[PDB]
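> dropping in the first section of the assembly, placed as in the complex:
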Amino acid sequence: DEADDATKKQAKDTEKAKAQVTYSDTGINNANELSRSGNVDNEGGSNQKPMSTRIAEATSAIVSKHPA
Amino acid sequence: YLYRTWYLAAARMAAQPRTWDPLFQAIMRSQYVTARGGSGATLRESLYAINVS
Amino acid sequence: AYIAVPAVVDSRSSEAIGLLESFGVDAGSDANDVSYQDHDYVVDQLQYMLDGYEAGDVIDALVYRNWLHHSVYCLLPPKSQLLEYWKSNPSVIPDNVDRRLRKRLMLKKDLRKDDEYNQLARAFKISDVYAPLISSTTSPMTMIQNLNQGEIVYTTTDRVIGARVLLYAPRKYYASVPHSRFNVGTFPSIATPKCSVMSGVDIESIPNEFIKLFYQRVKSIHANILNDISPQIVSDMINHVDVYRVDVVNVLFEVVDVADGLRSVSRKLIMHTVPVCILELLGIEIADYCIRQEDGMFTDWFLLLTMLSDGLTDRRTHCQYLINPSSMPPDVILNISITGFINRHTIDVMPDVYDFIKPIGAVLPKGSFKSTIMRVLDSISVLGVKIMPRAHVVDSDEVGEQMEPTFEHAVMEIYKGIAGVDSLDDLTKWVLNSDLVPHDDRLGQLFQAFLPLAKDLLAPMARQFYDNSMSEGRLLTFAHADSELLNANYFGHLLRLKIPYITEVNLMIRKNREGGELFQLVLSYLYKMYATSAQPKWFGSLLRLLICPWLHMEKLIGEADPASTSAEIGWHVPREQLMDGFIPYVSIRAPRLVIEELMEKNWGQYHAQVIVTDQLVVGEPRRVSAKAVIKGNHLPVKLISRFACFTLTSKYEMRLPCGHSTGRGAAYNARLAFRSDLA
């Protein structure tokens, strides 16, 4: 994603449909590289249900009410 | 026995490597493209029924 | 992100239809981020490319595509016309091309015979100038690789797949998109870590048959590395109305015997593609139900469900089931309990065999519920239409009842030919033993006598009866075997059919039939032996067409003006020749904007000889019967487009509400003509 976006910005900034100094599809097998993503929270856990919703549910599972 | 005869015939026919080149395919295609009628009308007005020109 | 669905996704229409509520996704909101993709041309390229290459190569290549990486082909003319284009308008020449070749193309000579330029062109090849050049023999894996890496790809052929094809030169030298974070479309890929496939739809139910082949091949090789997500997971991640396309699911239920307050599950089943609209109408949800409600006959909403669908198969042993029609044990289904709904999708209710407007012959086995289904079908009339009146259908026994010795009476006397029987009861005892499944040898000895009665009497009588019936309008006719409609040369659509029950038990349940119940049953065996084995194909396949399109149109034209949304198209005769009145032949119902479009179609190039009579009919509107015989060609369905809900049967008759006097009848050489009001 980021490599393609950056090479496209390079093409636009050098005013040619085909870039010349690219960041993606180089000769190196850089296949283990990571990046920051919204999918991972700070606890090393998956971010599919947001932390606010997780806390709200975990707290709601313990609340009581008045007796009739 | 009918089934066996036609099955063995089909297997031995399809096994021949001659039936897999473009030349044999094209010969069999052009075998029936003659100057005699083939009722092209009903072909045309049946293709028309599915909106193809 | 990227998500693949079993359907032809398009950026124009798939947003209108949605497809996500179709498969069952709760995307409905101000979502406007699930951007679709154009795969129409990709499916077409796949079809065209399977013509020359091999399916394995093509599919295993197309699976490695990065659909979120824009790219495009552009094909070059062959070398000769290419050089002709180099020469004329020469200021487009890439600099790779040889210095000598450019210096010789820049000349204004006629080039009739340049002794050196011929050599320079002979030794010139296209592959060296344009670097990524696919091939004439590419062996396509490099095609998808080059589409993945790069922006433009150079081909010398047309058989390519993955992106659109653009022209390089003008037309003379040849023969005859933003992202949205939730991109979707058919044709799953494994290019990235974010490509997903939406599960929840079986493989055998995919209707396109090219998407189907692709999914089978890809899922049998890449099963362990694909990312499956159900419709609920997709919903959680996100958060000219066409008729004859209906949403279908199948119901999961099991049999329960609630005797004296003790539940006991007994068997588990799957109803196999009941349409969703009928489940909405009947108000079916997760709960218990009784499917008889009185005297051991089905409650008939259950009968409607079982007749609107394909058949139910046991979930323990994956085989067909054929629920019991009787009320006698070992097996009796008296209480069920629906538990859930699984795979949802759309299907085309219009069968491909039906293209022209002509009669319909529906073959059914003997003991089916033809009488009860007629009784249940003649009542429906949605927009004052009466979609299937009782007078438009021909009973299965009618062709045999119209004989001096009727057919069943003719075959009752068949026991004289046997070596010795002496009576019909002794015949029923000599044939099948102390249950059904008769002796095959004795049944064969009986069939060798039953056959000449069917080839020499029934076929000649039917060959005239079906002609007489075809003269007086389109009719829906039944039979007991396709051989009856094949030997007697029947015109129209021949739809074989079948019911999800054990038809042989109805032949013992019903009482007042000619001959003993055993004789009716042996007769059914004989018809089944006269059957010319072919797939009966699930009676619901027809009833779904009969019912479903009207219910959908009732939502669109539920409250509009009847005068503006209506039409009728029959055979026209001029105001003279009374020594204007038209026979209807069809009754359209559709929105106003489509009636406007149908008003201008030809409708006049179809002719037929109408023969008006002077006979009166007991019905209320004073009308005289008639006949008609189409000449030349039959009305194709394409004229009545997929947006109108027409009728499939009709009687031929004319009404006479002016100067009441019926004179002498005649033939008039009618012409088809559209007939609606002002609208």
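Yes, it's here. Residues are numbered from 1 along each chain as shown, chains lettered A, B, ... in the order given.
> what about residue A:67, how many residues nearby?
For residue A:67, the neighbour count with other CB atoms under 10 Å in any protein chain shown is 4. Every C-beta, even on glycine, is put in place using the N, C-alpha and C of the backbone.
> quick one, what contacts it?
With contact set as CB atoms under 8 Å, 6 or more residues apart in numbering or on different chains, residue A:67 has no partners.
> give me phi/psi at it?
The phi/psi pair for residue A:67 (degrees, to the nearest 10) reads phi -80, psi 150.
> quick one, longest helix in the chain?
Using chain A here. What stands out as the longest helix in chain A, according to DSSP state H, is helix A:2-13.
> that was the other one, I meant chain C.
Across chain C, the longest stretch assigned as helix under DSSP H is helix C:540-556.
> quick one: contacts of that one?
C:241, C:243-244, C:246, C:275, C:277-278, C:281, C:306-310, C:349-351, C:360, C:362, C:373, C:377, C:380, C:382-383, C:385, C:387-388, C:495, C:497, C:589-591, C:645, C:648.
> count of neighbours near the residue in chain B that chain C sits nearest to?
Across chain B, no residue is closer to chain C than residue B:49, which sits at 4.0 Å (CB to the nearest CB). By other CB under 10 Å, the residues close to residue B:49 number 15.
> how about the residues of chain C by chain A?
C:69, C:149, C:151, C:152, C:236 (CB under 8 Å from any CB of the partner chain).
> could I get these as JSON lines with secondary structure, neighbour count and distance to residue C:471?
Output for the residues of chain C next to chain A, formatted as JSON lines (DSSP: H, G, I helix; E, B strand; the rest coil; neighbours: other CB atoms under 10 Å in any protein chain shown; distance: CB to CB, whole Å):
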{"residue": "C:69", "secondary structure": "coil", "neighbour count": "17", "distance to residue C:471": "64"}
{"residue": "C:149", "secondary structure": "coil", "neighbour count": "14", "distance to residue C:471": "69"}
{"residue": "C:151", "secondary structure": "coil", "neighbour count": "15", "distance to residue C:471": "67"}
{"residue": "C:152", "secondary structure": "strand", "neighbour count": "16", "distance to residue C:471": "65"}
{"residue": "C:236", "secondary structure": "helix", "neighbour count": "13", "distance to residue C:471": "62"}
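> chain D should go on the structure too:
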Amino acid sequence: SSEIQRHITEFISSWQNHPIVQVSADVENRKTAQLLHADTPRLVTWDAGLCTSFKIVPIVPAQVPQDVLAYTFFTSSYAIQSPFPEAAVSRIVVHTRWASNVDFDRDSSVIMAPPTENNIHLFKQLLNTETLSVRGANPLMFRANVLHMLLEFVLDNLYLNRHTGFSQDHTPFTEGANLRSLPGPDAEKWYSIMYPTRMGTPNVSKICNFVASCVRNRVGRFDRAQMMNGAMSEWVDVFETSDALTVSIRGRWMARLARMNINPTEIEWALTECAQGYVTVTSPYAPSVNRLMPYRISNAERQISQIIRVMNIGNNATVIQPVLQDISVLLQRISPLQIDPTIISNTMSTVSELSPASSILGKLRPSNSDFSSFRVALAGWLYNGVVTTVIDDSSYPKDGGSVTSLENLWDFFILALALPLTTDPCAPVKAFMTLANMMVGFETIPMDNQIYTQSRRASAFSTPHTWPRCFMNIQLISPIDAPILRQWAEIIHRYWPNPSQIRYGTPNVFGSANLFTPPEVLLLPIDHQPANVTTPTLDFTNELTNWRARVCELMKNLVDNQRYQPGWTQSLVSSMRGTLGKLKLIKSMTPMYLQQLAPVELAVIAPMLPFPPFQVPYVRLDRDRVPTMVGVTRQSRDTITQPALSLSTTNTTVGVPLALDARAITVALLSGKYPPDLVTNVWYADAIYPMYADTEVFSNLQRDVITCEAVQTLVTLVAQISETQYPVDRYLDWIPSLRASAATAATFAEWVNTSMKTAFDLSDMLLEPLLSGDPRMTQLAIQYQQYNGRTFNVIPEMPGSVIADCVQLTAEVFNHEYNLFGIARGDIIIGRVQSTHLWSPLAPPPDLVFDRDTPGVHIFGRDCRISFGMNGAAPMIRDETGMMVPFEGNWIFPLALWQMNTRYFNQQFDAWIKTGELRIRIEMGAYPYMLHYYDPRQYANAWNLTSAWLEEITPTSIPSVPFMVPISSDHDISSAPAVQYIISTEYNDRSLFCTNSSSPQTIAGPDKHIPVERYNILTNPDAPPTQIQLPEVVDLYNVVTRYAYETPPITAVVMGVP
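Okay, chain D now, added to the rest:
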């Protein structure tokens, strides 16, 4: 009419009696498709919900409004969520994946209703097609049905625990512990079921007492492996509601999968070794995120899969033709050679002059056979175990040569050139007898009998028994009578081509499917020799050119004479000699191709190939090492047990010939040429890169795994019910069962096969080769036999199977916890017991039970009779010892006696059981039960239920056993009389969980608190967090590890360098 309704019921029964699995068509296209492309199994599946298969259900609701205790006591008036049901009687039932948000469904499920509903349908699945009733089941198939239920139970959870998020606790209920949030629509209900100890303790109720006795700090996550920051944690250990059984099963599954794991570096090395330096691939070098790709397997599995493929392909030739055609097309897209028969015309078109220069090509040519026969012959080298390429009959000289002729001389030349490339062992003797036939009337040789005289056909030979004695003793061919035959014989003996080998493959990642040869080796019928340059130029040093030279020399010696060809002219003789001299030196490159480049291409194609090579040794010219059969065994023979002993007489021969075209092969030999500017390394790099981008072979490996697992599961489960040869422990002997024959064994095997196909999502041909025969005592072995009786066999060792191990573990746990699956163990005692006591019939007092070793019991076995009582005397039944006893006291029956006399005994005994004194102990050993709870404050009588059961017993069925159990109470209750009739004979309340779980105590009826031995790591401060009391308790709460591995495709990690 009742006769007519009898007919109707009989027909409906016969209609229900249909078969379920029946293959009645012919399966050969399916075998070929299975051979060329097999469906891949579904191994990796993830589970995001909590792992458990046992759920606590409330059976009877509590009484919140009651007179003794005000409603403000209970924590239901406050809507306080609790981890357990607040009923008055809670039992624990079985429901696999009731809490599993799974990525893939496996269609298996052991779902059970509570004991207060009828579970008899779970035990009348397999062999109860004859059971007419809907509420009955045949007792003789109990342990068969239970084995099938256990197999389903194991197959249902073959999953992989998924890792999904956490959250710091924001309340004082815990010490800020982390809590796993699982996905779903309504996830607020799981935080109270996953954490029984995260709850207040207001009351002195039983739930609160337990939660007060638990330990505080064993909640939520307590261990993780964080490798990179801002990335997913690799795995974690979390406390939560689970159970030891499914935790152990999934642990075994993950261990099995992790043993198969490979990594990108070694995948790179393997692919590079396979491609042999023609295809470079790259792999990353940096810290990674712990991928999972289960592809590596052992050698025994590859060998077993190879044996099964061979026993499918055996003896048909239509299953094997398409494989050879595919290899032919691969050689087409790969090989640089291309044939040019114009070389023959160039060579022959310089002779001045029946014309020798117009025979081979222009005349004696099929005119439709191009040179695909050549590379089909080449591809036949990889498969001389099943396929034996032979020269077609129609390419011989048509009943006699007559060397005086000319076309027959050319036919001999072409057969002699084409024969060495075939793979049948009798090519040398055919090459000899071609000339022997042609030279009839001129030279004679002694034969072996008068059937195979010298005037036979050369093709009618080809068995090692038919080689002439004079061909083995060259001394018998006199050098005076038959000099040409003598010379041709010794030429064949000396200068025939020699076998060699190429050593393909790499067994580090891939296994080694070789059976009768060492691993990573490839036998060839000719000598291989690597090339020294990449820009090839012509040479003449090789076996094929030496063979052509020898043949041309002998034909010169044959044609030079006016002794064989009488009428030929000197001009014709000189023309023939010159044609032979030039054809000896034709400029063809096919021989150097065959010795320098063809074996390299075969070795490069061999690894990437759907059906691995299957070779036996290429024996050159001795009978004693000529293979005369290759056979496979799939079962033993007798009481004998050892494969090395039964293999010689329980094998099936495999293999089939395949004709070729001598014309095509010889012309391809004579006319070969490379392109003008060939550079070897560039050409092969380009032509070989495309077929190392696909990964189909790895999925083949995974299917080999699944095949071996299925075979082992079959042998174990079949040995469970029928006597076999393999040693296995048996736990389910106490369940009744049937005396199994081959038919019932085959049926049970079909059910196992269908279940294992349904799981793993595969559509075709798993276990059918074994199921064709008798599966009671199976085995897999293969052998071939030489000519001199020397035999070689291969008995691959059966590697372990995780699925069979887990099935055995599940049975070993069922042996202790049979009550949870609805089964009860022991016999039952019938006879009324009227009293106000509140003991539970599933735990009776010991003084009401008797057995065989009791003073005063009568024991009724077979050959018993009843005699009426005349004039007011009691009737009598015959004891097993021969006595006659009245209808009183307590007795002992087998169940089969009652089943076989069900109606004659009901009428005679029911009046005495009910109001008399008779008490009978039916002997069942195992039976499903059904509970009926009642209010103890009112009259209750079980005679209706017990009489329904007794009258319902049938010679081939019994319904469930109805027990009448009282209801527990929290306060005093007045008593009332209850009348019992059926009581168990041993403790069967192993399923009762808790009674009156929301009140301070139980005061009347069955009492028991929450089982403190289950929740062991909570109630015991000194126990390690990982202890499990598995074979006797499931513990219902324990530590469970959760993974976050990713499974990318191989092509996304190992790139290609195009």
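> what about the contacts of residue A:67 again, now that chain D is present?
Taking CB under 8 Å, 6+ apart, we find residue A:67 in contact with D:71, D:72, D:77, D:78.
> would JSON lines of those with distance to residue C:169 and neighbour count be doable?
Putting these into JSON lines (distance: CB to CB, whole Å; neighbours: other CB atoms under 10 Å in any protein chain shown) gives the following:
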{"residue": "D:71", "distance to residue C:169": "90", "neighbour count": "12"}
{"residue": "D:72", "distance to residue C:169": "91", "neighbour count": "9"}
{"residue": "D:77", "distance to residue C:169": "86", "neighbour count": "17"}
{"residue": "D:78", "distance to residue C:169": "83", "neighbour count": "14"}
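> what residues sit buried inside stretch D:396-416?
Residues of stretch D:396-416 classed as buried: D:396-397, D:401-403, D:406-416 (neighbour count, 16 or more other CB atoms under 10 Å in any protein chain shown).
> cool, and stretch D:315-332?
By 16+ other CB under 10 Å, the buried positions in stretch D:315-332 come out as D:318, D:319, D:320, D:321, D:323, D:324, D:325, D:327, D:328, D:330, D:331.
> of the residues you listed, closest to residue D:616?
For those, the minimum distance to residue D:616 (CB to CB) is 15.4 Å, reached by residue D:320.
> so that closest one makes contact with residue D:386?
Yes. Counting by CB atoms under 8 Å, residue D:386 is a contact partner of residue D:320 at 6.1 Å.
> just give the nearest non-adjacent residue to residue D:784, would you?
Of all residues not flanking residue D:784 in the chain, residue D:630 sits nearest, at 4.1 Å (CB to CB, 6 or more residues apart in numbering or on different chains).
> here is chain E, add it in:
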Amino acid sequence: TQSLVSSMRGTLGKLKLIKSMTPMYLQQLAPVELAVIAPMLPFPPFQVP
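Okay, chain E now, added to the rest:
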């Protein structure tokens, strides 16, 4: 003219190792049924050694 020994040997092996309960039927249960049916026949058995 071609080696059919492999195909012949394989089919003979199949016929040899086919599973058929008919031999054990004839050898175990047929005599019992014959001895159960014999004394009830109208024309009782008339055998020669």
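> please look at the neighbour count of residue A:67 again, because chain E has been put in.
Neighbours around residue A:67, by other CB under 10 Å: 11.
> same deal with residue D:889?
Residues near residue D:889, counting by other CB under 10 Å: 12.
> my read: it touches residue D:918, true?
Yes. Using CB under 8 Å, residue D:889 is in contact with residue D:918, at 7.3 Å.
> and residue 48, what does it touch?
As the question left the chain open, I've gone with chain A. A:39, C:236, D:164, D:165, D:183.
> meant chain C actually
Applying CB under 8 Å, 6+ apart, we find residue C:48 in contact with residue C:159.
> ok, now how distant is it from residue C:141?
Distance, residue C:48 to residue C:141, using CB to CB, to the nearest Å: 18 Å.
> repeat that for residue D:43.
26 Å.
> interface residues of chain D facing chain B?
Residues of chain D lying close to chain B by CB under 8 Å from any CB are D:318, D:321, D:325, D:368, D:370, D:372.
> go with 6 Å
Contacts of chain D with chain B, taken as CB under 6 Å from any CB of the partner chain, map to D:321, D:368, D:372.
> the lengthiest helix in chain B vs chain C: in contact?
Identified as the longest helix of chain B according to DSSP H is helix B:2-15. No. Helix B:2-15 does not reach chain C (CB under 6 Å from any CB); its nearest approach is 13.8 Å.
> contacts for that helix next, please.
Identification of contacts with helix B:2-15 by CB atoms under 6 Å, 6 or more residues apart in numbering or on different chains yields residue D:321.
> and residue D:833, that's in a strand?
Yes. Judged by DSSP: H, G, I helix; E, B strand; the rest coil, residue D:833 forms part of a strand.
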